[PDB]
Amino acid sequence: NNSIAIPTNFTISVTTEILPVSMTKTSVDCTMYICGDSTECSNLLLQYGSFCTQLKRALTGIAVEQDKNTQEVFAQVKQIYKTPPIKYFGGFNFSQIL
Amino acid sequence: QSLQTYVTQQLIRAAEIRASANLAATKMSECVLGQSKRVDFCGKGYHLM
Amino acid sequence: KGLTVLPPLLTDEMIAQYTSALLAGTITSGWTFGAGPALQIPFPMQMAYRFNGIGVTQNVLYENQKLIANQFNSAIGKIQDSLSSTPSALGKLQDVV
Amino acid sequence: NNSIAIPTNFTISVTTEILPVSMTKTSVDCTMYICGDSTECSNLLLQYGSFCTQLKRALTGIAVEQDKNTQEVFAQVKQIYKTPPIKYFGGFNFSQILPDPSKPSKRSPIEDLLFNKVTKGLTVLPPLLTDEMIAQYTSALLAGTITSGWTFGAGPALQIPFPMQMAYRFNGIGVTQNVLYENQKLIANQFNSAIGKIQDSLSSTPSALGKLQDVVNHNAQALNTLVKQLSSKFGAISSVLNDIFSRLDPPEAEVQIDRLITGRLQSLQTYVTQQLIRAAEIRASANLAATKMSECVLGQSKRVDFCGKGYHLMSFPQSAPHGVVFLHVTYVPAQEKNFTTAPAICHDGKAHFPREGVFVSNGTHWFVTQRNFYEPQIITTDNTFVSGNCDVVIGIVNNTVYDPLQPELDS
Amino acid sequence: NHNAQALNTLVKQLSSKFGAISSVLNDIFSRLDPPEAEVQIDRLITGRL
Amino acid sequence: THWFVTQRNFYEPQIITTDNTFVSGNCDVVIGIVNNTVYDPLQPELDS
Amino acid sequence: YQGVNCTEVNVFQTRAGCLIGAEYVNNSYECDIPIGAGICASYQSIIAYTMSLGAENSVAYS
Ligand SMILES: *[C@@H]1O[C@H](CO)[C@@H](O)[C@H](O)[C@H]1NC(C)=O
Ligand SMILES: *[C@@H]1O[C@H](CO)[C@@H](O)[C@H](O)[C@H]1NC(C)=O
């Protein structure tokens, strides 16, 4: 009840956190994937439906989203700031990050 | 069917990536652009920069 | 096979320029750039403000500045070795690929 | 090393954030879509059985989720607070945000503008909370924020004068109360101007409400695709079930009908799966909206960029179709000037550090000022704390620290 | 509950013919020659997948 | 043997003074209260 | 009945559709079963009522 622990020294710790922001953007040619180069099956594919358009739309949406994700994470600066030519900052070395 | 499966899996993966990107954007504003008082949001210990 | 990879709109070099802008602002302007136009501040004073935020008085930073700077430099040096030494750290990105 | 920029002026900025909260609730009748009015098809469908039930369950779960999402974002008030009839609030005009009695809807002018801007066995189910009810919840939140500040979120509403509440928010951002009181008329004028600009900005740009429109468009596109898929043969002789029955012998006809049934079931499954993924995205947005409502509308947020760009002062919620618009009032530093700065002042062989400020030099004199706004003050024992000696500190500058006690002692 | 319901649904789905003569594969093999059986089995396999 | 006031996250012992302490109530209500001198800055100047 | 006028098919007309077997009550209570369009049903018999968002309160500003 009457005892406390107070730190008498400090440690500066730099830790690395890695977060994925974007994924590969891909597009598929429905006809080439299913029919290859055969014309007859292509006609049959036409009969099956409009699924290929739906698939293309979904993939295109993913691609646009990936570009938006990168913009959100990185394009938070109105102007591209440039570091001062003399890199002296109170004994702190930012060479690795800079 | 194979193509449909690929698209569905990609949509789910995209949702996971979007969540990670949103977290990254949140961290960039909260940690890079300011000091964060939230515990463990920007590293173990008391966040400085 | 009809499967194609579409190039990202932002090139890696452009992303690096955005990152460089963020670093330059943080080192020179502290947190001001996030909340408005960039405001110049000495980096030691910025660190002192950050110390005040965590509840430690600014005097500690100024009095122990050399020690704090050395510790920061050592930590940054350790990070490069740590990332190279362990593949798991970069595993999340690799997993996506 | 020795230069600091301290803002000498401020700008009150209102920014609008549009977040989708709900999506259209849809129900599908499996028999109607797959088989139409054909009894023979219905008998064949019974063999598949559970697939239809599973699809219905998934859609029902999405619909209940949407009602929950709206409740979470808006039903954060247990009582419907009513704004007092007198509308004077320290020179701040809330007419655009507050409800208009003349309108039958009773929606606010900004809400009305937002409302105007947004534009086979498949049915759309009405949302449980009507737009008028959502507006009433929004009005309660606005009344609480304007009259009781942040108290209503954390407990029973506690009345506070609005200028005083604004002063507390200034203290939250690190600016002293005096700045608000001394410049109250200017701050009020800036706030009023910003609100008027908000109405014009939303009206001028169609893309401003684009996120909400995108949700509506995607749901419409999905339904249209589902209806179109009915025409597709799926490798059967004909899309029409009756034509297959009429032109083919019963065993072969059954095989062709089975091909149509399976294709239509696949089409419904694709729609349901896509809707589930979209629902997850909407739920994430709804959770974000609820968090914003609590952190920004019901409190002052110290998080950076969570509630607008700049130092957040207050946020106001406005209902929009299938979404919430947050008006974020922020403090933006302006008119920065450059002053020489020193970490510590050395007086009487002791190191003096600013208690809650930064030492700044006009050129011949040294003053202590708050970081956010430039208010130079004479260095005194009251505003500084003495730790250590001059030697340890780097960049320390020699100057006199006045003592209030000494003149009285001399007298 | 959701996990239990999903598993129960799969077990229930096994009953569905999917346009085949019978849900039971052994019955199809016993009653039909390999060419006809292949078509019926294919329908069952596709539905179960 | 001596009582000091310090910042929570780092050990910087300081003499207890009126400046660093605020006075509320009387001794009886508090549980665990201890008796130590609180220095007043004005008193030495007044004595001089 | 969803989307059907009452005449077309204890009768109340709601935006969702016609409701039969529940008697509309002017008094408002917290929602028990959500019919939709602001109309909720509870067992008191079965009654349909417009849901009450909250008890009205007037804040005081001076
Ligand atoms: C900062 O740099 C200037 C030269 O630009 C130098 O004269 C001064 O001593 C430096 N200050 C510190 C604290 O190192
Ligand atoms: C602290 O705990 C001890 C027993 O460990 C007890 O004797 C003493 O009275 C307690 N002091 C207070 C202030 O509760």
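A quick note on method: Cβ atoms are made from the backbone with ideal geometry, for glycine too, and the neighbour counts reach across all protein chains shown. Throughout, read-outs are computed from the coordinates displayed, never taken from laboratory work.
Only one of D:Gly235, D:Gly174 is away from chain A (no Cβ under 14 Å) and of a type outside the set (A, V, I, L, M, F, W, C). Can you tell me which?
Working: D:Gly235 fails: away from chain A (no Cβ under 14 Å).
Of D:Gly235, D:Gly174, the one residue that is away from chain A (no Cβ under 14 Å) and of a type outside the set (A, V, I, L, M, F, W, C) is D:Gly174.
Consider only pairs whose beta carbons are under 7 Å apart and that are at least six residues apart or on different chains; among these, list those whose first residue lies in segment B:28-49 and is charged (D, E, K, R) and whose second residue is assigned to a loop (DSSP other than H, G, I, E, B).
B:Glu30/B:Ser36; B:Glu30/B:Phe41; B:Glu30/B:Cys42; B:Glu30/D:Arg303; B:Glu30/D:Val304; B:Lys37/D:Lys302; B:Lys44/A:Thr15
Starting from residues that are more than 24 Å from F:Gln14 (Cα to Cα) and not hydrophobic (A, V, I, L, M, F, W, C), keep the ones in segment D:383-411 and report whichever is nearest to ligand 2 (Cβ to nearest atom).
Residues of segment D:383-411 more than 24 Å from F:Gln14 (Cα to Cα): D:395, D:397-399, D:407-411.
Next, only the ones that are not hydrophobic (A, V, I, L, M, F, W, C) stay: D:395, D:398-399, D:407-408, D:410-411.
Values: D:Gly395: 47, D:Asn398: 49, D:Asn399: 47, D:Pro407: 45, D:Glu408: 42, D:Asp410: 47, D:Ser411: 47 Å.
Checking each candidate, the answer is D:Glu408.
C:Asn64 fails exactly one of the following numbered conditions: (1) surrounded by fewer than 12 Cβ atoms within 10 Å (Cβ to Cβ); (2) more than 7 Å from chain A (Cβ to nearest Cβ). What is the number of that condition?
Of everything listed in (1) surrounded by fewer than 12 Cβ atoms within 10 Å (Cβ to Cβ); (2) more than 7 Å from chain A (Cβ to nearest Cβ), C:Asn64 misses just condition (1).
Is at least one residue of segment A:29-49 among the hydrophobic types (A, V, I, L, M, F, W, C), within 19 Å of B:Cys31 (Cβ to Cβ) and away from ligand 2 (no atom under 16 Å from the Cβ)? Step through it out loud before you land on a result.
Step one: of segment A:29-49, the residues among the hydrophobic types (A, V, I, L, M, F, W, C) are A:30, A:32, A:34-35, A:41, A:44-46.
Then drop every residue that is not within 19 Å of B:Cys31 (Cβ to Cβ), which leaves none.
Checked against the condition, which is being among the hydrophobic types (A, V, I, L, M, F, W, C), within 19 Å of B:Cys31 (Cβ to Cβ) and away from ligand 2 (no atom under 16 Å from the Cβ), segment A:29-49 yields no hits at all.
Quick one: how many residues across segment D:356-411 are within 16 Å of ligand 1 (Cβ to nearest atom) and either part of a helix (DSSP H, G or I) or aromatic (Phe, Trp, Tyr) (or both)?
Residues that pass the stated criteria total 1.
State yes or no: is D:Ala208 in a helix (DSSP H, G or I), farther than 30 Å from B:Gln1 by Cβ and touching a helix residue (DSSP H, G or I) at 6+ places or on another chain (Cβ under 6 Å)? Quick ask: steps written out before the conclusion?
On the way: in a helix (DSSP H, G or I): yes; farther than 30 Å from B:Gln1 by Cβ: yes; touching a helix residue (DSSP H, G or I) at 6+ places or on another chain (Cβ under 6 Å): yes.
Yes: the conditions hold for D:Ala208.
What number goes with the only condition from (1) more than 16 Å from ligand 1 (Cβ to nearest atom); (2) facing another protein chain (nearest Cβ under 7 Å) that A:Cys52 does not pass?
(2)
Filter segment C:9-46 down to the residues that are within 30 Å of D:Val14 (Cα to Cα), facing another protein chain (nearest Cβ under 7 Å) and within 16 Å of ligand 1 (Cβ to nearest atom) and list them by number.
Matches in segment C:9-46: C:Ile27, C:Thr28, C:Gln40, C:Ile41.
Hey, any hits in segment D:368-382 for a residue that's over 26 Å from F:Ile15 (Cβ atoms), basic (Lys, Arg) and surrounded by fewer than 17 Cβ atoms within 10 Å (Cβ to Cβ)? Show your work before the answer.
Our first condition is that a residue be over 26 Å from F:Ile15 (Cβ atoms); within segment D:368-382, this holds for D:369-378.
Those still in the list that are basic (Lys, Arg) too: D:371.
Those still in the list that are surrounded by fewer than 17 Cβ atoms within 10 Å (Cβ to Cβ) too: none.
Looking through segment D:368-382, none of the residues is over 26 Å from F:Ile15 (Cβ atoms), basic (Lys, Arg) and surrounded by fewer than 17 Cβ atoms within 10 Å (Cβ to Cβ).
Go through segment C:73-89 and give me each residue that's out of contact with any helix residue (DSSP H, G or I) (no Cβ under 9 Å at 6 or more places or on another chain), of a type outside the set (A, V, I, L, M) and under 26 Å from C:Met47 (Cα atoms).
Matches in segment C:73-89: C:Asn73, C:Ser74, C:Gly77, C:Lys78, C:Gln80, C:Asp81.
Would you pick out the residues in segment G:33-62 that are within 12 Å of chain D (Cβ to nearest Cβ) and part of a loop (DSSP other than H, G, I, E, B)?
Within segment G:33-62, G:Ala37, G:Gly38, G:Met51, G:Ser52, G:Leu53, G:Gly54, G:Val59, G:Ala60, G:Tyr61, G:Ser62 qualify.
For D:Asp37, all conditions in the list (1) surrounded by fewer than 21 Cβ atoms within 10 Å (Cβ to Cβ); (2) in contact with a helix residue (DSSP H, G or I) (Cβ under 6 Å, 6 or more places away or on another chain) hold save one; what is the number of the exception?
Evaluating D:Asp37 over (1) surrounded by fewer than 21 Cβ atoms within 10 Å (Cβ to Cβ); (2) in contact with a helix residue (DSSP H, G or I) (Cβ under 6 Å, 6 or more places away or on another chain) leaves (2) as the failure.
Against the definition (within 14 Å of chain C (Cβ to nearest Cβ), of a type outside the set (A, V, I, L, M) and more than 48 Å from the chain's Cα centre (by Cα)), how does D:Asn398 come out, yes or no?
Details: within 14 Å of chain C (Cβ to nearest Cβ): no; of a type outside the set (A, V, I, L, M): yes; more than 48 Å from the chain's Cα centre (by Cα): yes.
So D:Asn398 does not fit the description; no.
In this structure, does D:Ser105 turn out to be more than 10 Å from chain G (Cβ to nearest Cβ), within 15 Å of D:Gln199 (Cα to Cα), surrounded by fewer than 19 Cβ atoms within 10 Å (Cβ to Cβ) and hydroxyl-bearing (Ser, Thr, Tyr)?
Values: more than 10 Å from chain G (Cβ to nearest Cβ): yes; within 15 Å of D:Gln199 (Cα to Cα): no; surrounded by fewer than 19 Cβ atoms within 10 Å (Cβ to Cβ): yes; hydroxyl-bearing (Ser, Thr, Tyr): yes.
Against the criterion (more than 10 Å from chain G (Cβ to nearest Cβ), within 15 Å of D:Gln199 (Cα to Cα), surrounded by fewer than 19 Cβ atoms within 10 Å (Cβ to Cβ) and hydroxyl-bearing (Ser, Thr, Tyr)), D:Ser105 does not qualify.
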